[PDB]
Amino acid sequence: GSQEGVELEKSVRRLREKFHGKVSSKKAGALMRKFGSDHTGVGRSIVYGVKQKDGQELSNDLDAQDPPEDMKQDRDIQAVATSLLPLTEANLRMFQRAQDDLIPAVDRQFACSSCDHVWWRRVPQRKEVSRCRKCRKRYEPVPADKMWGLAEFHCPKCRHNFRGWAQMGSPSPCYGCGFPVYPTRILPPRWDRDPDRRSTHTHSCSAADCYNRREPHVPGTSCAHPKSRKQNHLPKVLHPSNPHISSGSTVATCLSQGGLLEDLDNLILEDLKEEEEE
């Protein structure tokens, strides 16, 4: 796959997302060809306009930055800055983040019921949405208190610590003392972390359900691991994402995914391929 395509699309997406999608793709594309994918500097240049064209005390809460004169004088940048007025108390933190080259972000879990597809994605804090890669529909996150995966347990009674595949809000029995322990959190699968965070990792459980049950087992418990789920003919998805209803300002995934298993350049490349066909 040609990287210069992935990187062009990445930088149009990043310019847009720093303006919460209020800059168009056709316009971002032009800006990114003409200025060599420099979303940071285009972005900084737009905010300079807004600060300049705004007459409120609010615009002193924006930094005054040096815009390349070929950007300061560009009429398409300037028209964008106008198109984004006015500057409001509800607008102002968007514009600050844009000039700080900042897209605040969060790792979230996602679950497409009809694909029975679960995945993780680093998404923007302003719009925690990711697209199912099997069926191409956008979904909202699984709620924090319903997430499942490799979980960390800290028994409050005896201080045994253990790791295991599990869902939030569902106690497991402490292997130490038998009292019920709720998971503290879920750890996403990551190539730079312990492989026990992967579903591919060998798993053994005290649940009666378990595809690979530990002994002694606990008689009325059910295992969250997808192999167990499948073996018991249950859907791998324990708790589906609500489908996301598009409001219009969404920007497709342009965030670096860190050590999550699905990296960004491949996500974008598959996106560009899908478009070639259509």
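Numbering starts at 1 and follows the sequence shown.
Original post:
With respect to the recorded C-alpha B factors, which stretch has the higher mean value, 86-94 or 192-200?
Top reply: Averaged over C-alpha atoms, the B-factors run higher in 86-94.
**OP:** Give the stretch, out of 220-228 and 63-71, with the larger mean C-alpha temperature factor in the deposited entry.
**Re:** Higher mean C-alpha B-factor in the PDB entry: 63-71.
Subject >> Chain-wide C-alpha B factor ranking for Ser11, given as lowest, middle or highest third >> reply: Middle third, going by the recorded CA B-factors of the chain.
Original post:
Which third of the chain does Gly178 land in by C-alpha B-factor: lowest, middle or highest?
Top reply: According to the entry, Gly178 has a C-alpha B-factor in the chain's highest third.
**OP:** Place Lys134 in the lowest, middle or highest third of its chain's C-alpha B-factors, as listed in the PDB entry.
**Re:** CA B-factor rank for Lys134: highest third.
Original post:
In terms of the chain's CA B-factor thirds, is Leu58 lowest, middle or highest?
Top reply: Highest third.
**OP:** Can you work out whether the C-alpha temperature factor of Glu140 puts it in the lowest, middle or highest third of the chain?
**Re:** Lowest third - that is where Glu140 ends up once the chain's C-alpha B-factors are sorted.
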